[PDB]
């Protein structure tokens, strides 16, 4: 019982120095490797032009970390030559400061049509088969259609085909984000006390993430007590902690854009027999999902392995409650959620380097939920946890 409650705030703060032995940032050669990979997958799908919008995919291919806006900022990759970077002219200086890939800047002034620029660049290289970023706003399709009459493919297969398998450098940045958030999770359980507010934990978790050297504090944070733990993504309203209540904390940060995403569920005080049984079951379901992971295995097979555990114990089947109402997991990288998804119907075979979450949450309607979440990556022979799973309902940390 040494992990829950024993700690005061500035006592926690003494363990919040900036992270050391930081992982190296992605280098210029790796960006080029990603471009070349995209080109292979473009050729495979019969595509000769690829438009990537501002967001995690632009960051992946070029280093530009900006969120998307109403203004088109995009990378147009074609079969050869430096890719074109379409960008508002007033942003050129900011752009140069973040670009990690050599490009050919095509700048547009505010009243000019940036979609016209994209097609002009396509015509220059005689590209006539575009694949468009599935994350880009629909407005961009509308813009391109005024100028482009040929088929516009969904670039999802190409983008996933690149991003799903992580390089050692990517794994190391993810590892760093995970090690940090694990510590934040540990300290959050430490300072928990009777009456503490959910808002207080959220705020501490953000503070901790910042102190440890995350990109931007907490990426997200879900904290729920007692019966509120039955809602997987939570509900509005501040709670205050009472003995006997489960505490669910799902949170993460980013390091150079790469996400951690960890959930811990633990008891504050004495657990009921119901809470203990469901907690142990959650641990076993997560364990089973992990044990099913090796190269070649269909993603849905991992989801099924977790459900098989629940069913054997009289929960489920399928998504029936009490049981697991959502997928077992999601891929994770530069985005909090990305391919491959650990979900029924997904026949995608797992390959070394693939990163996904393992979080087969059990919901007991009207009562509580137990969610344990740690991420893994696929190895040559099996899997490797980014963070080791919890041990007991009152021992969230291995």
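Numbering follows the first chain given and starts at 1.
As listed in the deposited structure, the average C-alpha B-factor of 69 to 77 and of 95 to 103 is greater for 95 to 103. Judged by mean Cα B factor in the deposited record, 23 to 31 ranks above the other of 23 to 31 and 352 to 360. In the deposited coordinates, the residue among 224, 276, 142, 260 with the greatest CA B-factor is 276.
Out of 134, 323, 88, 195, it is 195 whose C-alpha atom has the highest B-factor in the PDB entry.
In this PDB entry, residue 82 carries a Cα temperature factor that places it within the highest third of its chain's modelled residues. The entry lists a Cα temperature factor for residue 268 that places it in the highest third of the chain's modelled residues. Residue 338: CA B factor in the lowest third of modelled residues in this chain (values from the PDB entry). Ranked within its chain, residue 251 lands in the lowest third, by CA B factor from the PDB record. In the PDB entry, residue 156 places in the lowest third of its chain by CA B-factor.
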